[PDB]
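A single chain comes next, written as structure tokens; it is the form solved without this ligand.
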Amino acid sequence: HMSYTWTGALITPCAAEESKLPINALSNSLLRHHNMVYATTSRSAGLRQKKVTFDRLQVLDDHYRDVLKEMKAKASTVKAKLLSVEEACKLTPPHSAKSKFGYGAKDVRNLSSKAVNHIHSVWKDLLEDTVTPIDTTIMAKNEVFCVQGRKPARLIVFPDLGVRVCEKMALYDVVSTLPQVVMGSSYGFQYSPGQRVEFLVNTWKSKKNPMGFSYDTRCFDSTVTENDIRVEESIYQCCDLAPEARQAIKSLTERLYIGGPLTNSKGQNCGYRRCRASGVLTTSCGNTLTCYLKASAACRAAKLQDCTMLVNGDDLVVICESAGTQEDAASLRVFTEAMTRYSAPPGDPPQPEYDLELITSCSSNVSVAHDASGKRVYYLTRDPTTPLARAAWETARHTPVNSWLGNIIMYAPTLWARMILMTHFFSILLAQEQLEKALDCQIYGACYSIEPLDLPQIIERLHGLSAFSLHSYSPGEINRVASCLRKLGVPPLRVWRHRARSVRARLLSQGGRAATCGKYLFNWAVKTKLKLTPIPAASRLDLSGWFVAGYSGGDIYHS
């Protein structure tokens, strides 16, 4: 029962790959220690292949079937609809991988006859044939990291453009609607960061003696079995669906989700997958359900008292009622034993935490600062090393995903996003006159095209106005940022405050939406602080399509 089999054909690139941080005139204003930053390339793919290739054994007990029955009872209340071809096409990202059959993502977006005719033919074939495995492409992802020594490239596996549009037709409503019905408040992808921090704090405060822990599954996608994927299909099929949608979903499950052949960029056969594909629509929903199913069942096994789970795909955090520190630790071993029997064994062994701030989930921890009134406010933050490593790369190279922008949006209230990322990138945008130019970033796996001038209103909506007023950050948080800057050779925060005053004056000069950016984003930079009030255009923002579901690998775009 192996996750993959390989033919020995190489995982090959589709363009030149850089591994060394590209340096330009702007690089040194952010980061001096250039040799610390690197991009993964397909040269390391063989190391990743070894890591993701193993045997899966699963033993499923009454706890598992008990939780599953209940999940299915909730799934049976969901009514999901088929998307039209037009609706599915309009969710396709403009720069999505072109089809092997002679059209691209813009042909799809424009509903071009050739595109739409192909999509119709893939759909018909899905309904007519429920056995023939569907071809996928396996690619090495190029991602930027700081050394620690160097990690191998991650692998993405995805079907052709035509199939991706059919997935949407069949499953977009389901993967968007089902998970919150099944899991309720435990489905993480429904929350803004403000909502998520609130849920975490409220949940913590709701226990008499809280204990909390995160669970890291080693290579979760490879731990996912044919059983797991058929189980997911059986949850989908509990929904009230049109007969045509039922067939499409059974077919995609048999032919695509369960497994299939892997083809490299040069068209050669690299092997065969029998685990979760990283690049399908159901990757996030399937991972979330399957992780929640397994963990709920393991919580029962361990007899964890008054558990609340929070699950984003394969990222899992649990907060419960402590039974004492020794009992807690023992319960955790049992928990991990159960997860392992279910095929989800750990990377790091989990550990019990008695302080919310010491838990990492979605790569983030709770911390505390103060608003203008002096009131405590909790916010989500993280070690800034990877964010700043990538910011350094994106200073000198244009990338398909601007991580700096997703980091500003999602970590707006943080010391490091406000002082460094905002200051640095607005300074660049000013200089090139690109404040109004829409950029793409990825939030919960979906692709959004966002104008930098819109950030204040986006930030108010996700975080509230306090994001623009926070101060007296904790010593532990100040210290971690200061350490990171010393590690990467980033100028100290006193330097960034100086530049921010400049960037702010520059933005104020321009008036309009630029001055709003100066006024709200950089109020921290001046001693005589302005009074920040709700931004009118914020209540006007269409944050529909934001924070409904997760869509990692799912080829979803919002305009």
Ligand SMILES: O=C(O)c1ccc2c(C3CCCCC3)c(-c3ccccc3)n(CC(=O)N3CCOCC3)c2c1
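Numbering starts at 1 and follows the sequence shown. We call the rigid core whatever largest set of C-alpha positions still superposes within 1.5 Å between the two forms.
Note that the form deposited with this ligand bound isn't included here; everything after this is about it.
The pocket of the unliganded chain is judged blocked, since this ligand, transferred from its pose in the bound PDB entry by superposition of the C-alphas around the site, places three or more atoms within 2.4 angstroms of backbone or C-beta atoms. Every residue in the set 392, 425 and 490 has a non-hydrogen atom no more than 4.5 Å from this ligand in the bound PDB entry. Taking non-hydrogen atoms only, residue 506 never approaches this ligand to within 4.5 angstroms in the bound PDB entry. Although the partner is absent here, residue 388 sits close enough that one of its heavy atoms falls within 4.5 Å of this ligand in the bound PDB entry. Though the partner is left out of this view, residue 520 does not reach within 4.5 Å of this ligand in the bound PDB entry, counting heavy atoms only. In the bound PDB entry, this ligand stays beyond 4.5 Å of every heavy atom belonging to residue 64. In summary, among the residues 256, 320, 421, 235, the only one with a non-hydrogen atom within 4.5 Å of this ligand in the bound PDB entry is 421. Just one listed stretch, out of 112-120, 392-400, 259-267, 80-88, contacts this ligand in the bound PDB entry at the 4.5 Å heavy atom level, and that stretch is 392-400.
For the stretch 493-511, the set of residues having any non-hydrogen atom within 4.5 angstroms of this ligand in the bound PDB entry comprises 496, 499, in sequence order. Among the residues 436, 240, 129, 198, the single one whose Cα moves by at least 2 Å between the shown form and the other one, once the core is superposed, is 436. With a cut-off of 2 Å and the rigid core superposed, residue 504 has a Cα displacement that reaches or exceeds the cut-off between the shown form and the other one. Relative to the superposed rigid core, residue 209 undergoes a CA displacement smaller than 2 Å between the shown form and the other one. Annotation: Cα of residue 351 displaced by less than 2 Å between the shown form and the other one, core superposition.
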